[PDB]
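Listing of data-v7.txt, compact mmCIF, C-alpha atoms
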```txt
# COMPACT_ATOMS: atom_id res chain seq x y z
CA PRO B 19 -16.05 -29.67 -31.33
CA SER B 20 -13.40 -27.10 -30.49
CA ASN B 21 -13.77 -28.26 -26.94
CA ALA B 22 -15.50 -31.71 -26.33
CA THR B 23 -13.88 -34.57 -24.44
CA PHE B 24 -14.87 -37.10 -26.97
CA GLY B 25 -15.63 -37.20 -30.69
CA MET B 26 -18.02 -39.17 -32.87
CA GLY B 27 -16.68 -42.57 -33.32
CA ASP B 28 -14.67 -42.60 -30.04
CA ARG B 29 -14.83 -46.02 -28.43
CA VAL B 30 -15.83 -45.63 -24.78
CA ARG B 31 -17.11 -47.52 -21.78
CA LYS B 32 -18.88 -46.72 -18.55
CA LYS B 33 -16.29 -46.47 -15.64
CA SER B 34 -18.46 -48.12 -13.02
CA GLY B 35 -21.86 -49.48 -12.04
CA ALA B 36 -24.02 -50.77 -14.92
CA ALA B 37 -21.84 -51.54 -17.89
CA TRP B 38 -22.04 -50.05 -21.35
CA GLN B 39 -19.44 -49.96 -24.18
CA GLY B 40 -19.46 -48.86 -27.75
CA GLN B 41 -19.11 -45.90 -29.99
CA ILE B 42 -20.00 -42.24 -29.50
CA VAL B 43 -22.95 -41.45 -31.80
CA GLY B 44 -24.17 -38.22 -30.43
CA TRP B 45 -24.28 -35.49 -27.86
CA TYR B 46 -26.57 -33.54 -25.48
CA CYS B 47 -26.47 -30.70 -23.02
CA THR B 48 -28.73 -29.65 -20.18
CA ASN B 49 -28.23 -27.68 -17.04
CA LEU B 50 -27.93 -30.94 -15.14
CA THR B 51 -25.53 -32.55 -17.66
CA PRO B 52 -23.79 -29.72 -19.55
CA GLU B 53 -21.66 -32.26 -21.47
CA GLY B 54 -23.35 -35.57 -22.33
CA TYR B 55 -22.91 -38.26 -24.98
CA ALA B 56 -25.01 -40.79 -26.75
CA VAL B 57 -23.41 -44.16 -27.10
CA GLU B 58 -24.47 -47.07 -29.31
CA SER B 59 -23.59 -50.41 -27.72
CA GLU B 60 -21.12 -52.51 -29.71
CA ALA B 61 -22.81 -55.68 -28.46
CA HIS B 62 -26.39 -54.69 -29.32
CA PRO B 63 -26.47 -52.80 -32.61
CA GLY B 64 -29.03 -50.05 -32.75
CA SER B 65 -29.36 -49.63 -28.97
CA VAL B 66 -28.19 -46.22 -27.75
CA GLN B 67 -27.90 -44.97 -24.08
CA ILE B 68 -27.08 -41.40 -22.99
CA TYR B 69 -24.66 -40.52 -20.23
CA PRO B 70 -22.82 -37.61 -18.66
CA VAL B 71 -19.11 -37.21 -19.62
CA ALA B 72 -18.05 -38.08 -16.09
CA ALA B 73 -19.46 -41.58 -16.42
CA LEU B 74 -17.42 -42.47 -19.48
CA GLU B 75 -13.82 -43.27 -20.35
CA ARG B 76 -12.18 -43.66 -23.78
CA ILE B 77 -10.84 -47.17 -24.51
CA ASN B 78 -7.18 -47.43 -24.96
CA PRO M 19 -27.06 -27.86 -38.98
CA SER M 20 -27.17 -27.06 -42.68
CA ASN M 21 -29.73 -29.79 -42.93
CA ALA M 22 -31.47 -30.95 -39.63
CA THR M 23 -35.24 -30.93 -39.12
CA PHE M 24 -34.99 -29.38 -35.75
CA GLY M 25 -32.59 -27.11 -33.87
CA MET M 26 -31.47 -26.82 -30.26
CA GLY M 27 -34.13 -25.18 -28.32
CA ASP M 28 -37.00 -26.28 -30.64
CA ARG M 29 -40.07 -27.16 -28.62
CA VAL M 30 -41.35 -30.57 -29.70
CA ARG M 31 -43.63 -33.40 -28.69
CA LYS M 32 -44.01 -37.06 -29.50
CA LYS M 33 -46.78 -37.54 -32.21
CA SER M 34 -48.24 -40.71 -30.74
CA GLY M 35 -47.97 -43.50 -28.20
CA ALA M 36 -46.12 -42.63 -24.97
CA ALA M 37 -46.07 -38.90 -24.51
CA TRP M 38 -43.05 -36.65 -24.22
CA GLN M 39 -42.72 -32.85 -24.69
CA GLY M 40 -39.98 -30.35 -24.17
CA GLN M 41 -36.96 -28.83 -25.73
CA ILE M 42 -34.38 -30.25 -28.13
CA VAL M 43 -31.09 -30.58 -26.21
CA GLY M 44 -29.11 -32.81 -28.43
CA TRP M 45 -28.69 -35.13 -31.36
CA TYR M 46 -27.59 -38.65 -32.40
CA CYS M 47 -27.14 -40.76 -35.48
CA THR M 48 -26.89 -44.49 -36.05
CA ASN M 49 -27.60 -46.73 -38.95
CA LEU M 50 -30.97 -47.54 -37.40
CA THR M 51 -31.83 -43.88 -36.61
CA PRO M 52 -29.78 -41.69 -38.99
CA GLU M 53 -31.46 -38.55 -37.59
CA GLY M 54 -32.30 -38.60 -33.87
CA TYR M 55 -32.82 -36.01 -31.13
CA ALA M 56 -32.44 -35.77 -27.43
CA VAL M 57 -35.27 -34.03 -25.69
CA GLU M 58 -35.41 -32.72 -22.12
CA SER M 59 -38.95 -32.90 -20.72
CA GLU M 60 -40.46 -29.53 -19.81
CA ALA M 61 -42.41 -31.18 -16.98
CA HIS M 62 -39.47 -33.02 -15.39
CA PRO M 63 -36.34 -30.87 -15.52
CA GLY M 64 -33.17 -32.80 -16.09
CA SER M 65 -34.83 -35.88 -17.62
CA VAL M 66 -33.85 -36.44 -21.25
CA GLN M 67 -35.23 -39.12 -23.71
CA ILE M 68 -33.90 -39.84 -27.21
CA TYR M 69 -36.08 -40.40 -30.24
CA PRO M 70 -35.97 -40.73 -34.01
CA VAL M 71 -37.03 -37.61 -36.02
CA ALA M 72 -40.11 -39.43 -37.28
CA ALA M 73 -41.52 -39.67 -33.78
CA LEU M 74 -41.42 -35.94 -33.12
CA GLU M 75 -43.28 -32.83 -34.22
CA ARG M 76 -42.45 -29.15 -33.57
CA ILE M 77 -45.03 -27.29 -31.45
CA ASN M 78 -46.79 -24.51 -33.14
CA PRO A 19 -45.10 -57.96 -1.73
CA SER A 20 -44.58 -59.21 1.81
CA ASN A 21 -41.59 -56.96 1.88
CA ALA A 22 -41.37 -54.13 -0.82
CA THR A 23 -41.01 -50.45 0.02
CA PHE A 24 -43.62 -49.42 -2.42
CA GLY A 25 -46.72 -50.92 -4.02
CA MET A 26 -48.37 -50.64 -7.41
CA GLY A 27 -50.16 -47.43 -7.59
CA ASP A 28 -47.93 -45.64 -5.02
CA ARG A 29 -47.35 -42.05 -6.06
CA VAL A 30 -43.63 -41.29 -5.94
CA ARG A 31 -41.01 -38.84 -7.08
CA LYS A 32 -37.27 -38.83 -7.61
CA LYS A 33 -35.50 -37.26 -4.50
CA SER A 34 -32.85 -35.40 -6.44
CA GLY A 35 -31.14 -34.75 -9.76
CA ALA A 36 -33.31 -35.27 -12.86
CA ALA A 37 -36.95 -35.10 -11.90
CA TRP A 38 -39.58 -37.78 -12.35
CA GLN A 39 -43.00 -38.20 -10.66
CA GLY A 40 -45.90 -40.53 -11.11
CA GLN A 41 -47.23 -43.89 -10.22
CA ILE A 42 -45.48 -47.19 -9.53
CA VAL A 43 -46.30 -49.55 -12.43
CA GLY A 44 -43.77 -52.24 -12.00
CA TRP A 45 -40.68 -53.73 -10.46
CA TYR A 46 -37.22 -55.19 -11.22
CA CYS A 47 -34.29 -56.76 -9.49
CA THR A 48 -30.66 -57.25 -10.44
CA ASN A 49 -27.49 -57.69 -8.51
CA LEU A 50 -26.77 -54.00 -9.02
CA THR A 51 -30.31 -52.86 -8.06
CA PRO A 52 -31.85 -55.61 -5.90
CA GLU A 53 -35.00 -53.50 -5.39
CA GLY A 54 -36.08 -51.34 -8.34
CA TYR A 55 -39.34 -49.82 -9.59
CA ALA A 56 -40.87 -48.81 -12.83
CA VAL A 57 -42.66 -45.52 -12.74
CA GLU A 58 -45.06 -44.06 -15.30
CA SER A 59 -44.85 -40.25 -15.38
CA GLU A 60 -48.06 -38.47 -14.42
CA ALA A 61 -47.20 -35.64 -16.83
CA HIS A 62 -46.46 -37.81 -19.88
CA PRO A 63 -48.87 -40.74 -20.03
CA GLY A 64 -47.35 -43.92 -21.32
CA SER A 65 -43.73 -42.98 -20.57
CA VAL A 66 -42.13 -45.23 -17.95
CA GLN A 67 -38.60 -44.89 -16.35
CA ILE A 68 -36.95 -47.42 -14.02
CA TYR A 69 -35.07 -46.52 -10.87
CA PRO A 70 -33.52 -48.02 -7.76
CA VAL A 71 -35.58 -47.73 -4.51
CA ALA A 72 -33.02 -45.35 -3.05
CA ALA A 73 -33.76 -42.75 -5.70
CA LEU A 74 -37.47 -42.55 -4.93
CA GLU A 75 -39.72 -41.19 -2.21
CA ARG A 76 -43.48 -41.68 -1.70
CA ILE A 77 -45.55 -38.48 -1.98
CA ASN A 78 -47.31 -37.43 1.10
CA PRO N 19 -47.62 -65.41 -12.75
CA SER N 20 -50.69 -67.53 -13.42
CA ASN N 21 -50.75 -65.89 -16.80
CA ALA N 22 -47.49 -64.10 -18.01
CA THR N 23 -45.71 -64.95 -21.25
CA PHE N 24 -42.36 -64.99 -19.65
CA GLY N 25 -40.89 -65.66 -16.21
CA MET N 26 -37.98 -64.26 -14.24
CA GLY N 27 -34.86 -65.71 -15.55
CA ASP N 28 -36.24 -66.38 -19.08
CA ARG N 29 -33.58 -65.68 -21.68
CA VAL N 30 -35.03 -63.41 -24.37
CA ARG N 31 -34.09 -61.14 -27.23
CA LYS N 32 -35.67 -58.29 -29.13
CA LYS N 33 -37.27 -59.63 -32.43
CA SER N 34 -36.30 -56.67 -34.58
CA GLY N 35 -34.86 -53.16 -34.78
CA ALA N 36 -32.38 -52.23 -32.03
CA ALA N 37 -30.98 -55.36 -30.48
CA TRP N 38 -31.17 -56.42 -26.86
CA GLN N 39 -30.67 -59.88 -25.26
CA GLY N 40 -30.49 -61.16 -21.75
CA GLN N 41 -32.53 -62.28 -18.84
CA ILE N 42 -35.98 -61.22 -17.62
CA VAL N 43 -35.50 -59.32 -14.34
CA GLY N 44 -38.78 -57.63 -13.93
CA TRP N 45 -42.18 -56.55 -15.11
CA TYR N 46 -44.46 -53.52 -15.68
CA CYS N 47 -47.94 -52.68 -16.80
CA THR N 48 -49.55 -49.52 -18.11
CA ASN N 49 -52.52 -48.80 -20.27
CA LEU N 50 -50.17 -48.42 -23.23
CA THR N 51 -48.17 -51.60 -22.44
CA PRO N 52 -50.42 -53.87 -20.36
CA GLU N 53 -47.72 -56.59 -20.35
CA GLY N 54 -44.11 -55.39 -20.24
CA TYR N 55 -40.77 -56.80 -19.09
CA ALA N 56 -37.52 -55.53 -17.78
CA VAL N 57 -34.50 -57.19 -19.25
CA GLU N 58 -30.90 -57.05 -18.05
CA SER N 59 -28.45 -57.34 -20.96
CA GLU N 60 -26.19 -60.39 -20.84
CA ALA N 61 -23.41 -58.39 -22.52
CA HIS N 62 -23.52 -55.37 -20.20
CA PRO N 63 -24.15 -56.48 -16.62
CA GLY N 64 -26.29 -54.12 -14.63
CA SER N 65 -27.91 -52.41 -17.63
CA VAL N 66 -31.67 -53.01 -17.83
CA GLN N 67 -34.11 -51.92 -20.65
CA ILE N 68 -37.91 -52.24 -20.56
CA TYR N 69 -40.02 -53.45 -23.44
CA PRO N 70 -43.53 -54.55 -24.36
CA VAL N 71 -44.12 -58.35 -24.62
CA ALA N 72 -44.66 -58.04 -28.36
CA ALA N 73 -41.09 -56.90 -28.89
CA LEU N 74 -39.52 -59.93 -27.25
CA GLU N 75 -39.01 -63.61 -28.01
CA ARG N 76 -37.73 -66.40 -25.74
CA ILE N 77 -34.42 -67.96 -26.85
CA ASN N 78 -34.56 -71.54 -27.79
```

In structure tokens, what does this structure look like?
Amino acid sequence: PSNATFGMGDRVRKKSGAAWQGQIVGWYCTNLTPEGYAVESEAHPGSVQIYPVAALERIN
Amino acid sequence: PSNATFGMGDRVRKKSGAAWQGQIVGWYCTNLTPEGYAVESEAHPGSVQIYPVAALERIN
Amino acid sequence: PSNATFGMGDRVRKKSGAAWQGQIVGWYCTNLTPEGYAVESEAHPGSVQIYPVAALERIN
Amino acid sequence: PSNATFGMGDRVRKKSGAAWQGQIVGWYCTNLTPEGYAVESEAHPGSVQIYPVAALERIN
């Protein structure tokens, strides 16, 4: 999107707390989370978790 | 999207099993769920659940 | 349990952020969340969310 | 429990669809899922998902 932090296919991980890592497969927006992403785990195919942008970091 | 069953803001509910109802706030796609939606509950603001298109119906 | 903050059937709600309210239906424990509860929403029968004890408050 | 299919610490996996594998860390019961388990992924420490007994199999 002309503005999003990440794009479909970006490989990301959660920065802290419970772990999660995999590819960006989607997106969501609410008043509480105005920029959120859906992420399919690379260890467990098919399982997707949603998180706010702040919780995620791209993997370099 | 030039093709999606639902659009942001559509009011939907789960057709069966565990209940869920509210507005479409997002979208996701995986091999397992090639057309999925994120839905923020209208009863519990801020809480979003993700589901495959098949599980949802627009509320008329 | 001879020690738990809440019991099955306790009516609770999330204290802040995304909302959630309903009855305690279960329990879990990990290193990250050594005291956690499963809660079935009272607005959406059948839908359960899990949270750490800290996030919940009994409803008086 | 004098009756449960699995016990805390059992190593299990989801039988089909989205994958999930790890240890049993908890339990829940609703009318919809009268026997459910919380499972912490062994690939993503700290992340727990809940499922009905039917969806899981112990790993031998």

Between B:56, B:47, B:72, B:77, which residue has the minimum interatomic distance to residue 29 in chain B, considering only C-alpha atoms?
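Closest to residue 29 in chain B, using only C-alpha atoms: B:77.
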
What lies within 10 Å of residue 42 in chain M using only C-alpha atoms, ignoring chain neighbours under 5 positions off, as a VMD selection string?
(chain B and resid 46 to 48) or (chain M and resid 24 to 31 55 to 59 66 to 68 76)

Write a file of the just-selected residues containing C-alpha atoms, as a PDB file, in the coordinates of the input.
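The result, stored in again01.pdb:
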```pdb
ATOM      1  CA  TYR B  46     -26.570 -33.540 -25.480  1.00  0.00           C
ATOM      2  CA  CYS B  47     -26.470 -30.700 -23.020  1.00  0.00           C
ATOM      3  CA  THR B  48     -28.730 -29.650 -20.180  1.00  0.00           C
TER       4      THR B  48
ATOM      5  CA  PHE M  24     -34.990 -29.380 -35.750  1.00  0.00           C
ATOM      6  CA  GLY M  25     -32.590 -27.110 -33.870  1.00  0.00           C
ATOM      7  CA  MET M  26     -31.470 -26.820 -30.260  1.00  0.00           C
ATOM      8  CA  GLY M  27     -34.130 -25.180 -28.320  1.00  0.00           C
ATOM      9  CA  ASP M  28     -37.000 -26.280 -30.640  1.00  0.00           C
ATOM     10  CA  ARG M  29     -40.070 -27.160 -28.620  1.00  0.00           C
ATOM     11  CA  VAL M  30     -41.350 -30.570 -29.700  1.00  0.00           C
ATOM     12  CA  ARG M  31     -43.630 -33.400 -28.690  1.00  0.00           C
ATOM     13  CA  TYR M  55     -32.820 -36.010 -31.130  1.00  0.00           C
ATOM     14  CA  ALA M  56     -32.440 -35.770 -27.430  1.00  0.00           C
ATOM     15  CA  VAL M  57     -35.270 -34.030 -25.690  1.00  0.00           C
ATOM     16  CA  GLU M  58     -35.410 -32.720 -22.120  1.00  0.00           C
ATOM     17  CA  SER M  59     -38.950 -32.900 -20.720  1.00  0.00           C
ATOM     18  CA  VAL M  66     -33.850 -36.440 -21.250  1.00  0.00           C
ATOM     19  CA  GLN M  67     -35.230 -39.120 -23.710  1.00  0.00           C
ATOM     20  CA  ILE M  68     -33.900 -39.840 -27.210  1.00  0.00           C
ATOM     21  CA  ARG M  76     -42.450 -29.150 -33.570  1.00  0.00           C
TER      22      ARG M  76
END
```

Select all residues from chain N having any atom no more than 8 Å from an atom of chain B (counting all atoms listed in the file, ignoring ligands), output as number ranges by chain.
N: 35-39, 61-65

How many Å separate CA of residue 50 in chain A from CA of residue 20 in chain A?
21.5 Å

Mind giving me the straight-line distance from CA of residue 71 in chain A to CA of residue 45 in chain N in Å, one decimal?
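Calculated distance between CA of residue 71 in chain A and CA of residue 45 in chain N is 15.3 Å.
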
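One distance worth recording is that between CA of residue 19 in chain A and CA of residue 43 in chain N, which is 15.9 Å.
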
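Within 6 Å of residue 70 in chain A, once only C-alpha atoms are used and residues closer than 3 positions along the same chain are dropped, the contacting residues are residues 51, 54 and 73 of chain A.
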